[PDB]
Structures are given as C-alpha cells and as structure tokens.
Amino acid sequence: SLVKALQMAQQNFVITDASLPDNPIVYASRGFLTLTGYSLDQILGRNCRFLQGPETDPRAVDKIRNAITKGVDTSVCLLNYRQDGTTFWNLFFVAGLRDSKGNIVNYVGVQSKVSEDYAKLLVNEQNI
Amino acid sequence: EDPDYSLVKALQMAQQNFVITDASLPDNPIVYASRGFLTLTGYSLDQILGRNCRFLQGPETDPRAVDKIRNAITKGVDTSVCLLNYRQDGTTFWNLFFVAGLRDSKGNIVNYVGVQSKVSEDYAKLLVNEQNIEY
Ligand SMILES: *[C@@]12=NC3=[C]C([C])=C([C])[C]=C3N([C][C]([O])[C]([O])[C]([O])[C]OP([O])([O])=O)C1=NC(=O)[N]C2=O
Ligand SMILES: *[C@@]12=NC3=[C]C([C])=C([C])[C]=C3N([C][C]([O])[C]([O])[C]([O])[C]OP([O])([O])=O)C1=NC(=O)[N]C2=O
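Protein chains in written order, with the deposited numbering: chain B, 207 to 334; chain A, 202 to 336.
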C-alpha cells in the first residue's frame with residue numbers, strides 16, 4: 207500500500223497519439239503545466255522526452271521505451287527538468303489505451319513529483 | 202507494485218471511446234476526444250472541442266437520466282448512465298457512458314473523464330429498467 211497509494215495524485219497527466227510518428231503529446235492537464243512549467247504551446251506536438259536532461263538516467267529511459275513499444279503498462283522514477291532548469295524526481299505511470307481489437311492509438315501518462323528519500327527507494331529497486 | 206488509477210482504469214475499459222473535459226473552464230467543455238468518440242457521434246474535432254457534452258442529446262432524451270448525471274457531476278461522485286443520444290446526422294443510439302471527476306492536491310475537481318459506448322436495444326432495455334429502480 208505505497209507505490210500506488212501515494213502516486214494516486216492524478217491531476218498531472220498527458221495523452222499522446224501513437225498514430226503520429228514520435229508518439230507526440232496531444233493533451234496535457236493544467237497540473238502538468240504547473241508541474242513542468244511549460245505553456246500548452248511548448249508541449250503539444252512534442253514527445254514527453256523533452257523533460258529529460260544531462261543527469262537523466264539513460265538506462266531508466268531505455269526501460270520505459272521498451273515497455274511502451276511492447277505495449278506493457280509500467281511506471282518509472284527518473285530525473286526531470288522544469289521550464290527554468292530546476293530538477294524534480296518524476297514517478298510517472300504510462301499505460302497504452304487499446305481499442306476494441308487491442309491496438310494502441312493513445313497512451314496515458316500520469317506524472318508525480320516525489321520526495322528525495324522516496325526516489326532513492328524507487329531508483330534502487332530499478333537498479334535490479 | 203502497480204497503481205489502481207481512477208483515470209487509467211476508466212480509460213483502459215473505454216475501448217478508445219472517451220473524452221476529457223475541463224472543469225475549470227465555463228460549462229465544463231470537452232478539451233479532448235478520442236477518434237472512437239468521433240466516429241461514434243459523427244462530429245469532427247472542430248465541432249466538438251469547446252462544447253459541453255450535452256450537445257449529443259435531443260428531443261427524446263430522458264430528462265430524468267440527464268438529471269441523474271448533472272447531480273452526480275455537481276457532487277463529484279462517479280456514475281454511469283444509459284441515455285439516448287443523437288449523431289451529427291440525427292440518427293439515434295443508446296449511449297451507456299461513465300463519468301469520473303479528477304481532483305487536484307486540494308481535492309478540487311479540475312477535470313472529468315467520460316467513457317461512452319453504443320449499446321444494443323436489448324441491453325439498453327436492461328440498463329434502463331435497473332436505472333428506473335431508484336425512483
Ligand atoms: C513523460 N511521460 C510520458 C507519458 C506518456 C504517456 C508516454 C507515452 C511517454 C512519456 N515519457 C517517456 C518518453 O516520452 C519516451 O517514451 C522515453 O524517453 C523513452 O523513449 P526514447 O526514444 O526517448 O528512448 C515521459 N518521459 C519523461 O521523461 N517524463 C515524463 O513524464
Ligand atoms: C456525454 N458524456 C459526458 C462526459 C463527461 C466527462 C461529462 C462531464 C459529461 C458528459 N455528459 C453529460 C452532460 O455534459 C451534462 O453534464 C449533463 O447532461 C447534465 O448537465 P446539464 O446542465 O445539461 O443538465 C454527456 N451527456 C450525454 O448526453 N452524452 C455523453 O456522452
């Protein structure tokens with residue numbers, strides 16, 4: 207009763223269109239704007255990867271990239287950057303929205319800023 | 202290990218037929234719609250976005266069923282309703298849709314997610330008899 211219990215804050219979510227080449231962001235909640243610091247215009251049309259930066263863990267990025275292309279739902283905690291250049295730890299959950307026949311045309315992303323000590327716990331788990 | 206998200210679950214059981222409304226905006230207008238909702242209703246994105254979902258309703262739509270959602274919506278309680286909707290061409294179908302409010306850190310509903318589905322005639326009769334029980 208933790209990983210899901212805390213993460214439950216859902217006002218931070220995006221929707222992406224997989225039918226467009228780089229699975230770009232087609233919708234972002236105002237909460238996502240608040241969290242990331244970006245305007246709607248500087249988000250829409252872009253792959254969510256733009257939040258990442260120098261100190262972002264590449265091996266973590268690889269894990270979700272694979273999860274997404276394989277269509278499996280997963281969550282991941284990695285280092286993200288705001289509009290201004292500050293960094294927060296992002297625990298986000300990505301889930302593919304399958305049509306009646308099982309094809310993914312949209313994806314849901316739910317983002318969460320997590321504390322330092324919780325991030326350390328989540329990252330170490332990923333290091334296995 | 203993995204979350205039981207109100208939003209994620211509502212969406213996964215949606216069958217690519219859903220919308221997102223913005224509660225902060227006047228009259229809780231649709232700010233996103235899946236292609237599934239597009240084909241179902243016959244409207245284009247330009248004919249949908251910025252509008253309240255009530256535009257799918259018409260002369261025969263049960264005003265009682267409508268009252269049910271309106272109430273559940275103002276009280277921020279998740280519910281599903283089966284009412285008669287009208288496509289852009291004016292043909293009718295029975296819509297069984299589910300709506301769930303999304304709250305911010307302060308508990309305020311800032312977004313709604315709706316999940317619509319066309320139901321067969323025989324199935325509708327069932328859902329409606331059940332619906333009528335509370336009266
Ligand atoms: C971003 N959230 C997010 C939400 C959705 C629904 C999807 C599909 C992806 C993300 N990403 C992951 C990112 O876009 C990309 O998939 C990964 O970087 C791996 O692919 P690449 O090609 O870059 O190796 C999110 N990434 C973030 O860093 N933060 C989020 O909140
Ligand atoms: C519409 N789906 C739908 C989805 C969401 C997310 C929300 C918030 C509402 C709907 N409506 C209900 C409608 O917009 C309105 O809230 C009710 O009619 C009651 O309000 P009013 O002020 O009009 O009495 C949906 N209505 C439909 O008829 N069909 C759906 O698919």
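The beta-carbon is built from N, C-alpha and C at its ideal position, and this holds for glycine as well.
C-beta neighbour in chain A for residue i, strict 9 Å
| i | result |
| --- | --- |
| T280(B) | yes |
| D247(B) | no |
Straight-line gap, residue i to residue j (C-alpha atoms, nearest Å)
| i | j | result |
| --- | --- | --- |
| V316(A) | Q332(A) | 18 Å |
| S321(B) | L246(B) | 26 Å |
| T275(A) | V267(B) | 40 Å |
| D263(B) | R288(B) | 16 Å |
| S306(A) | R271(A) | 24 Å |
| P260(B) | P230(B) | 21 Å |
| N330(B) | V278(A) | 38 Å |
| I221(B) | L327(A) | 34 Å |
| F238(A) | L257(B) | 30 Å |
| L241(B) | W295(B) | 11 Å |
| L303(B) | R265(A) | 32 Å |
| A301(B) | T280(B) | 7 Å |
| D290(A) | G243(A) | 7 Å |
| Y336(A) | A325(B) | 51 Å |
| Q217(A) | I334(A) | 30 Å |
| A211(A) | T292(A) | 27 Å |
| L297(A) | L250(B) | 31 Å |
| residue 199(A) | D223(B) | The question about residue 199(A) has no answer here: the residues shown for chain A are numbered 202 through 336. |
| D323(A) | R236(A) | 26 Å |
| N286(B) | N286(A) | 43 Å |
| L226(A) | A273(A) | 19 Å |
| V209(B) | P204(A) | 7 Å |
| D228(A) | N312(B) | 26 Å |
| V314(B) | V232(A) | 15 Å |
| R255(A) | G308(B) | 29 Å |
| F219(B) | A215(A) | 17 Å |
| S207(B) | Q213(B) | 11 Å |
| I310(B) | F299(A) | 21 Å |
Any chain B beta carbon closer than 9 Å to residue i
| i | result |
| --- | --- |
| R288(A) | no |
| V209(A) | yes |
Residue i beta carbon near ligand 2 (any heavy atom closer than 8 Å)
| i | result |
| --- | --- |
| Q258(A) | yes |
| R255(A) | yes |
| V232(B) | no |
| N312(B) | no |
| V300(A) | yes |
| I249(A) | no |
| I274(A) | yes |
| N286(B) | no |
Heavy atom of ligand 1 within 8 Å of residue i beta-carbon
| i | result |
| --- | --- |
| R271(B) | yes |
| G315(A) | no |
| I221(B) | yes |
| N309(A) | no |
| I334(A) | no |
| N330(A) | no |
| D279(B) | no |
Interface partners of residue i on chain A, CB under 9 Å
| i | result |
| --- | --- |
| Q213(B) | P204, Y206 |
| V316(B) | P204, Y206, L208, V209 |
(request) Compile a chain-ordered list of the residues in the segment 215 to 239 of chain B whose CB is closer than 8 Å to at least one CB of chain A. (result) Going along the segment 215 to 239 of chain B in chain order, one finds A215, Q216, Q217, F219, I221, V232, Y233, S235, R236, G237 with a Cβ nearer than 8 Å to chain A.
(request) Quick one: which residues of the segment 285 to 313 of chain B get their C-beta closer than 7 Å to a C-beta of chain A? List them in chain order. (result) So the list reads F299, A301, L303, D305, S306, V311, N312, given in the order they occur along the chain.
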